[PDB]
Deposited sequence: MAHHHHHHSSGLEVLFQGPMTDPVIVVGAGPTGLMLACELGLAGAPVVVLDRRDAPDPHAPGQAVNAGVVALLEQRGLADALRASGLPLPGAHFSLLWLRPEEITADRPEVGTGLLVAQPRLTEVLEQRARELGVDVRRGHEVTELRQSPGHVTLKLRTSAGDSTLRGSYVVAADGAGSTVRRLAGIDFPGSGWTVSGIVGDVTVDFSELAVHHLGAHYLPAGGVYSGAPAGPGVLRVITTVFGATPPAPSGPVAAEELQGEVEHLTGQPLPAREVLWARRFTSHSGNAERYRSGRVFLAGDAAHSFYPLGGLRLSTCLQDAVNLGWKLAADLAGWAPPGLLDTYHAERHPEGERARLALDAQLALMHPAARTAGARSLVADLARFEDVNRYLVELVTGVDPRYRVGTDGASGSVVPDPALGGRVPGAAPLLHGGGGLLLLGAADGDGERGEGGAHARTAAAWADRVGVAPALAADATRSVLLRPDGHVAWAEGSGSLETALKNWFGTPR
């Protein structure tokens, strides 16, 4: 009982289950927007072995609009190249028109998580490690979680619960939400090996599709450390998961590339199995799914983390607007409406890439076809924009109407040049001279929408940005006033 004393007033927080990249990004968005939030995680400390290294332009864009990209870049190498099914593309052909496309990074996933965690701490977010969610019960007005710590069992009440608990999501299972997909289940080994980088043959650096039917990737992770991923397709692994010894990893490396690594020591190595899935719904009452809990697929490129952080940034401001009481009706429902098809589009894109790799003998013709088609400029642009995480566009109609049957193709995308203007959060109306009145209209929403010149964002007409950076209106797409109502609610 005594624990309740002296804590002061408290509003029912958004409970974020999981302190990976998804959870922490969402907690930063909630924190910035002034919503109450608690983050739980079953681990005692951050995972030093979090495996990702490819952080694409889609991720960087979201970091940039919160001023988090510089901290990540300090630990990263520019990764300007782009591939589809490990066929190399030509991103340089469109970077003049879309500079964003060249902002991807090679950077270890724990560095991203550290950047987000530090920002969450600055925004006052309480991150409760050693806390495992074991049960969930919804009520009309709140949710209650059962937790386990080394003390013992306890309860926590929130306004909302967001599953950011990874691909095997406890919460998704507790909510009884199905996770269908294509049946692509692909196994690999990931680990870190001590090397002298000068000793490496060129075929031990970078990511390679081996025509026999497998993938090898070697990328520097730190001083004298090579991060290695191997997958041998159609080979049933000795087991579907668990730790892996040097011999087994060296076995796969040599099988694929013809040669074992010049390895001093395998620091760590584990067998992973990726499932392909998209959750049938992203919302159930006051429970939401985000990141890997909502969608999973083999991590060939950077779409896992970009869909993760795109979910977090779509959801946070919407949860906060709902709690603050100004959200237009249906705002929370647009999370599923916008993110569910995007999870599916990414999941389906990995199915496409895998079907050009395995079974190798049978897929060679399709692979050669796509390689041929990728010589055309419009095909190259389509694939580059896909794999870099830059092509998502929400369906937004005239007057900013959500989920339109007649989407306006000028709306729902991004204004990359606006990122520095959005660090404070909130909506943003970019004002351009292209043909008084816009500023005047927007004044009634000045508590939710700031103003800046379109020219400070390299935009060439007036545009309205949601707090997630996506375009809800632009000059020529109907009424600004109706679009302000549709996304930001009733005038003050």
Absent from the model, numbered along the deposited sequence, are 1-10, 446-453
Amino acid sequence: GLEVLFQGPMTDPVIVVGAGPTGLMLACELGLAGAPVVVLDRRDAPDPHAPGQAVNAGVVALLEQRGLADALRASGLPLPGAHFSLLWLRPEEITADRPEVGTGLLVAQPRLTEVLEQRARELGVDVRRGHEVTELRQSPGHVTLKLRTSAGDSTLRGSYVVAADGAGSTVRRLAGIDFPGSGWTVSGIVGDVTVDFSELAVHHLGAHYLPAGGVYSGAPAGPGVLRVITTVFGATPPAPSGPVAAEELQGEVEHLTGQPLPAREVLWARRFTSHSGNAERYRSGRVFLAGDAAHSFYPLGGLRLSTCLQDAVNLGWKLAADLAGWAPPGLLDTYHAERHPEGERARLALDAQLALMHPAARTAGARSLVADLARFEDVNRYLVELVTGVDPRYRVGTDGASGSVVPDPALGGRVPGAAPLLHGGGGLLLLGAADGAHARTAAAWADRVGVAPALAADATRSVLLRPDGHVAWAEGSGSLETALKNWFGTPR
From here on, numbers count along this sequence of modelled residues.
Averaging the C-alpha B factors as listed in the entry, name the stretch that ends up higher: 399-407 or 272-280.
-> 399-407
According to the deposited model, is the average Cα temperature factor higher in 114-122 or in 150-158?
-> 150-158
For the C-alpha B-factor as written in the entry, point me to the maximum among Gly343, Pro80, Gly413, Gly365.
-> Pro80
For the listed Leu421, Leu369, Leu267, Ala337, which has the peak Cα B-factor recorded in the PDB entry?
-> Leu267
Comparing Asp41 with the other modelled residues of its chain, is its CA B-factor in the lowest, middle or highest third?
-> middle
Of the three thirds of the chain ranked by Cα temperature factor, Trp184 occupies the middle
Pull the Cα B-factor of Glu252 out of the PDB entry and bin it into the chain's lowest, middle or highest third.
-> highest
What third of its chain's C-alpha B-factors does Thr441 belong to: lowest, middle or highest?
-> highest
B-factor third for the C-alpha atom of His131 within its chain | middle
